[PDB]
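Descriptive structure summary
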Amino acid sequence: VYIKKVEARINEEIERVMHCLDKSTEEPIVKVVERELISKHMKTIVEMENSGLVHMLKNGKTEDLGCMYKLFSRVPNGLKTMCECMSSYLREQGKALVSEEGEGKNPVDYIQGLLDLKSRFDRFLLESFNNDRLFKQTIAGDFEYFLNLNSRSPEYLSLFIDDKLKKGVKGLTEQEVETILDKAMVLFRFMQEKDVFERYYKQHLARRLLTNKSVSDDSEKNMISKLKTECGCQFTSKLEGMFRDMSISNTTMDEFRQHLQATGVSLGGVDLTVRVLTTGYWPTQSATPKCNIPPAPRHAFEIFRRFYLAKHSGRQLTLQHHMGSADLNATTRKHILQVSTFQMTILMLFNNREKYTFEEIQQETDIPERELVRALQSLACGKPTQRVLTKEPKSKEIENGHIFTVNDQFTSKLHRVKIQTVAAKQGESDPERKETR
Amino acid sequence: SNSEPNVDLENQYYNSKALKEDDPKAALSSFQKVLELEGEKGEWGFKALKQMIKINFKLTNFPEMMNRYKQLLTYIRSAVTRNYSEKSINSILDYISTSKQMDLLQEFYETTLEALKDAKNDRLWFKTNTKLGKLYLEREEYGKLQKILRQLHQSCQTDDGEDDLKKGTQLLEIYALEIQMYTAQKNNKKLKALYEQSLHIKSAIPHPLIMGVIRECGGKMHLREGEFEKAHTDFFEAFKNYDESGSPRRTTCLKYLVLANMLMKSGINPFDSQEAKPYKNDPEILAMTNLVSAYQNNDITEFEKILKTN
Amino acid sequence: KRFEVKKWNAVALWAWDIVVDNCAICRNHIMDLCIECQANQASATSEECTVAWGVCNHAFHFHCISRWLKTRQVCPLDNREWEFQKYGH
Ligand SMILES: [Zn+2]
Ligand SMILES: [Zn+2]
Ligand SMILES: [Zn+2]
């Protein structure tokens, strides 16, 4: 209530001195009135912390901030300590929010709370400080200080932009998505160690493009525009090549569609959707194994490799298995299963002859190392009541002489039923985290 | 991870997909029943409307095809928001393009134009605009192609500014359509203006087909002025982008690039490895290889003989 | 059969060729010295002139690109900026 009293005292003093003492004594008197009162006010507001500068900003009193900015702008050295205490409160709020002790925090909620704080402070700045440059500089400098306290801060930003880009379920429209990306890059502007930032973003690009599609297909053009306007001739160039591969994949997709329409000498003339990428920008996905391929897909693969080496000549292709998917038509109804280019070989061998075991699939397959078990256990171990590959020796650990069978599982009446055992939790575990660091 | 989409809806959707091969009569009704039993939008119903559009276009059924496309356009805005919904209609737009009912093509285009405008999805609205712009560009139509460019440029206008940093994708899409357009009339004054406006504000993405066209325009402009290095450096990239894409202009600009490499008095074999053999032993390209081979050996008599021979 | 494959969405990767038989800056060979060095001996000290590889997978002599990189910087076979990815073969 003092700020209303001093403002009234100033108003009545200037009115009296300009009317009862015309245009004679107005300047020296008002100067004294502002000086000692504002010095009292500055000491009053900061240390009070009861409707004080910390408190009146914590509860969100828009009028109190507004009337104080218009009062402390008259006397010098007022906005200096005003921003100093505002920065100190932001430091205290930042430390209580960027606190690392304690495991079990949701990273998406952490950025959301941080971004809500940024929006709240921006709203206060616009409503009260009248977009003062000094206040903007102090909060910008402060945001550079309390954010880089952890070496994982760019990593947390990268996963958040991955969470916001994986699906736009929150904010189906585009107007707030544009603002949420603009605030994200503004937060990224006052951040150091940019090398680690994209190194996870590039990993997130691999994680979001090497899995099921239909995430945005349009918002990718927006990210790169923001990266182009933020960075220069750097890892954004790595993101450039990532985009070229998608362009080549679809151009070859329609180009292969025309050639499968021609037929005539088509060996494996079945439904194919083949994608073409470049190794220069996609990071190491895996060891790119060299397992076997079923005969019908083999003819399909032989067409594309022959075709891609004829009309796209000059470059040879390499075969790999730790990528892609398929739709296995099973057969009382005909329900198509799903295999992520992992169980194609094992199930194809079952079609040739049932009653196999671990020895059969490791001796007549040229199968890679332990990664086989993870692909193999995806159908038997840790399965709900939708098992498509059952065994007699029911156990957790994997044996050698154990027979595989098949169950109807009418509960999984889903026509195009899929076994999505992979991508259970995309969480960027430590072993890849340390090596990429 | 997993997520229950729906048990029954997927079943009848694919059951009717087995029925489209089996006398599509009463398969549309079964598809319609799936849509009615879906109620709110429907992911399986989105592909079902896509399949119905594909089936109806086979047996020349346009009236409800576009009416259900309007339902498909509305389905884009709510459930399948960004997703492959643009890939679905791009395939739908390419599938309509199969026939030659160009009146129905642009009725289908124009209905698409206003629907995407509603969702503020002008993001999907330029994609239809550029495909119509490229189609008009191929058939040398400029009456409505210009109107597309003006609307896209107005959408690119940030009120005070006429070009946006984030919308630089549309600047190149506008410029690329304008580049080949003014190539037809040989407008050097506009061609340089397009390239200059391009270079600075465009840079958001080097789309391979568009980037090669932009560089091909720059190489022509630079070599028409006299800058050998700049004219070099443009086809020096246009050949790269064309190779990745596969457009027939791969060899067309390569001939220009090889001549450009000669003009700068370069002492390095341009055919060495990127041309390799498919672009080093192509019949007319191989004739160009003999020229630069004579250029290296300074065989004036042999060079002139090849010039007169070919 | 009991299980039949209907659809497949394999991803095909590719890499450029190099045609390692002669570099394009000096036209002598991928190995066996360059135009700025001629002979093996005469102050070579185990021949400090090797093959350099770029990100675009092209190969030339170290000295040849060094004279190239001082004037221009654009890898005369492509339009990549010619990063440095290897030294020697
Ligand atoms: Zn050499
Ligand atoms: Zn040497
Ligand atoms: Zn190179």
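To start, this report covers the structure provided alongside it.

Looking only at helices and strands, chain B features 15 helices and zero strands. Rg of the C-alpha trace for chain B: 25 Å, well past the compact-globule value of 19 Å for 310 residues, more than 25% over. Over its C-alpha atoms, taken along the principal directions, chain B stretches across nearly 80 × 50 × 45 Å. For chain B, with 310 residues in total, the buried portion stands at 51%. For chain B, contacts bridging at least 24 residues in sequence account for 57% of all contacts bridging at least 6. Accessible surface for chain B amounts to roughly 15,000 Å². Of this, 52% is attributable to carbon and sulfur atoms. A gap of 2 Å separates the mean positions of the 45 positive and 45 negative side-chain charges of chain B.

Another point: the nonpolar core. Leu53(A), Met68(A), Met86(A), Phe135(A), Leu239(A), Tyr69(B) and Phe108(B) are the most contacted members of the largest nonpolar core, which totals 149 residues. If we ignore the near neighbours within four places in the chain, the residues touching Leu53(A) are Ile45(A), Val46(A), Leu65(A), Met68(A), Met82(A), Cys85(A) and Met86(A). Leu272(A), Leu347(A), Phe358(A) and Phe3(C) belong to the second-largest nonpolar core, a separate cluster that totals 42 residues.

Bringing the coordination of the zinc ion (ligand 2) into the picture now. All names here are of chain C. Taken together, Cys37 (SG) and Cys49 (SG) make up the full set of protein donors to the zinc ion (ligand 2), lying 2.3 Å away. Pair noted here: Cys37 is in the loop between strand 2 (11-15) and strand 3 (51-53) and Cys49 is in the loop between strand 2 and strand 3, with a separation of 12 residues, a long-range link. Note on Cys37: relative accessible area 26%, which makes it partly exposed. Of the residues examined, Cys49 reaches a relative accessible area of 11% and is grouped as buried.

Residue and element names in this part refer to chain C. Around the zinc ion (ligand 3), the protein supplies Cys56 (SG), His58 (ND1) and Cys75 (SG) as donor atoms, at distances of 2.3 Å. Mapped onto the polypeptide sequence, the residues donating to the zinc ion (ligand 3) form the spacing pattern C-x1-H-x16-C. With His58 in the loop between strand 3 and strand 4 (59-61) and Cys75 in the loop between helix 1 (62-71) and strand 5 (86-87), the pair connects residues that are 17 residues apart, well separated along the chain. Pair check on accessibility: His58 and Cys75 agree, each one buried.

On to the pattern of salt bridges. Between side chains of opposite charge, a pair can form when the charged atoms approach closely. Inspection of every chain in the model, using the stated rule, returns 29 salt bridges over all chains. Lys7(C) is the partner of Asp271(A) in a salt bridge, and the nearest nitrogen-oxygen pair spans 4.0 Å. Here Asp271(A), found in strand 1 (residues 271-272), pairs with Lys7(C), found in strand 1 (residues 3-8), and the two come from separate chains. In this structure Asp271(A) comes out as partly exposed when scored by relative accessible area, which is 35%. Taking the shortest distance from any N to any O, the salt bridge between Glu229(B) and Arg72(C) comes out at 3.0 Å. Here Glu229(B) is found in helix 12 (residues 228-245), whereas its partner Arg72(C) is found in the loop between helix 1 and strand 5 on a different chain.

Attention now moves to the interface of chain C and chain B. By a frequent convention, interface size equals the accessible area lost on bringing the separate parts together. At the interface, 18 residues of chain C touch 15 residues of chain B. Between chain C and chain B lies a buried interface of about 1,700 Å² when both sides are counted; carbon and sulfur atoms form 55% of it. The largest per-residue losses of area from chain C upon contact with chain B belong to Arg72(C), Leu77(C) and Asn79(C), which jointly make up 31% of the total buried on that side. Our enumeration of links across chain C and chain B arrives at two salt bridges. Ionic pairing is found between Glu244(B) and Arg80(C), a salt bridge with its closest N-O pair at 3.3 Å. Counted by class, the side of chain C that touches chain B contains 11 nonpolar, three polar and four charged residues.

Chain A puts 38 residues into the contact, and the matching count from chain C is 16 residues. Taking both sides of the interface into account, the surface hidden between chain A and chain C amounts to around 3,000 Å²; carbon and sulfur atoms contribute 57%. Contact with chain C buries area across many residues of chain A, yet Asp271(A), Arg315(A) and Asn351(A) alone supply 18% of it, more than any other trio. Linking chain A to chain C there are two salt bridges. Where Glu354(A) meets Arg2(C), a salt bridge forms, and the shortest distance between an N and an O atom there is 2.4 Å. A per-class count over the side of chain A that touches chain C returns 20 nonpolar, 13 polar and five charged. For strand 1 of chain A and strand 1 of chain C, the ladder comprises two bridges, and the chain directions are parallel.

A few words now on the sheet that holds strand 2 of chain C. One open sheet holds the three strands; their spatial order is 2(A)-2(C)-3(A), and the pairing between them is mixed. Edge positions in the sheet fall to strand 2 (275-278) and strand 3 (316-318) of chain A, since each has one partner strand and no second. Taking each pair of neighbouring strands and ignoring which way they run, the sheet shows an average axis angle of 45°. The pairing of strand 2 of chain A with strand 2 of chain C spans four bridges and is classified as parallel. Within strand 2 of chain C, the position partnered with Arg275(A) by the bridge is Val11(C). The strands touched by helix 13 (residues 295-308) of chain A are strand 2 and strand 3 of chain A together with strand 2 of chain C; relative to strand 3 of chain A, the strand with the most contacts, the crossing angle is about 145°.

The mixed open sheet is built from four strands, whose spatial order is 1(A)-1(C)-4(A)-5(A). What marks the edges here is a single partner per strand, and that holds for strand 1 and strand 5 (336-338) of chain A.

It is worth spelling out the packing of helix 11 (residues 220-230) of chain A against helix 12 (residues 236-262) of chain A at this point. Residues and elements named next belong to chain A. Contact geometry for helix 11 and helix 12: axes closest at 10 Å, N-to-C directions at 155°. It follows that helix 11 is roughly antiparallel to helix 12 by the angle criterion. Seen along the crossing, helix 11 lies across helix 12 with a hand that is left-handed. Residues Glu220, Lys221, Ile224, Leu227 and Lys228 of helix 11 form the contact with helix 12, whose participating residues are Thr236, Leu239, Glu240 and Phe243.

Sheet topology note: the strand 4 (residues 326-330) of chain A/strand 1 of chain C ladder contains five bridges and is antiparallel. Pairing of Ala330(A) across the sheet is with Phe3(C), part of strand 1 of chain C.

Turning our attention to the layout of surface pockets. Looking at the second largest pocket, its volume works out to about 1,700 Å³. Lining the second largest pocket are 50 residues, with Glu240(A), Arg244(A), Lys240(B), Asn79(C) and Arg80(C) sitting closest to its centre. For the lining of the second largest pocket, the secondary-structure elements that each account for two or more residues are helix 12 of chain A, helix 10 (188-201), helix 11 (208-225) and helix 12 of chain B together with strand 2 of chain C.

Criteria and thresholds
- Each chain carries its own residue count, running from 1 in the order of its written sequence; this scheme can depart from the entry numbering, and residues that have no coordinates do not appear.
- Naming scheme: in the order in which they are written, chains are lettered from A and ligands are numbered from 1.
- Any value reported refers to the chains on display, which are one part of a larger assembly.
- For side-chain calculations, the full set of non-hydrogen atoms in the structure is used, while hydrogens and water are omitted.
- Residues with missing side-chain atoms are left out of burial classes, side-chain pairs and their counts.
- Going along the chain from the N terminus, every DSSP run of H or I of four or more residues is numbered as a helix, and every run of E of two or more is numbered as a strand.
- With C-alpha atoms as the basis for the radius of gyration, the globule rule is written as 2.2 Å multiplied by the number of residues raised to the power 0.38.
- Type-normalised accessible area, obtained with a 1.4 Å probe on protein chains alone, sets the label of each residue: buried when under 20%, exposed when over 50%, and partly exposed for intermediate values.
- The criterion used for residue contact is that any of the two residues' heavy atoms lie within 4.5 Å.
- Note on areas: Shrake-Rupley with a 1.4 Å probe; residue coverage comes only from the protein chains shown.
- Working convention for charge: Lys and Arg count positive, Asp and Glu count negative, and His plus the chain ends are omitted.
- Throughout, a charge is located at the NZ atom of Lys, the CZ atom of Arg, the CG atom of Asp or the CD atom of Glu.
- Buried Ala, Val, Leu, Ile, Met, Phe, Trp, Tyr and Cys residues that are joined via side-chain atoms within 4.5 Å together make up what is termed a nonpolar core.
- Each metal's donors comprise the N, O and S atoms found within 2.8 Å of it (within 3.2 Å for Na, K or Ca). Water is not part of the atom list, so some coordination spheres may appear incomplete.
- Salt bridges are counted wherever a side-chain nitrogen of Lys or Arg sits within 4 Å of a carboxyl oxygen of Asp or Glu.
- Simply put, the buried area is the total loss of 1.4 Å probe accessible area from both parts when two parts are fitted together.
- For this classification, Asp, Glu, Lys and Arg are treated as charged, while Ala, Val, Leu, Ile, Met, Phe, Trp, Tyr, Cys and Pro are nonpolar and the rest, including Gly, are polar.
- In short, DSSP must find at least two bridges between two strands for them to pair.
- For every element, the axis is a line fit to its C-alpha atoms; helices are fit only across the contacting stretch, and the angle between N-to-C directions ranges from 0 to 180 degrees.
- These descriptions rest on fixed angle ranges, namely under 35 degrees for roughly parallel, over 145 for roughly antiparallel, 65 to 115 for roughly perpendicular, and the rest for oblique.
- Here a crossing is taken to be left-handed if its near helix is turned anticlockwise relative to the far helix by less than a right angle, and right-handed if that turn runs clockwise.
- Note on definitions: the grid is 1 Å and covers protein atoms alone; a cavity is a set of points where a 1.4 Å probe fits but cannot get out; a pocket is an open set with protein on both sides within 12 Å along at least five of seven lines; lining residues have an atom within 4 Å of a point.
- Grid points are joined across faces, edges and corners, and a volume is the space filled by probe spheres set on the points.

Read these as layout, nothing more, since geometry by itself doesn't imply function.
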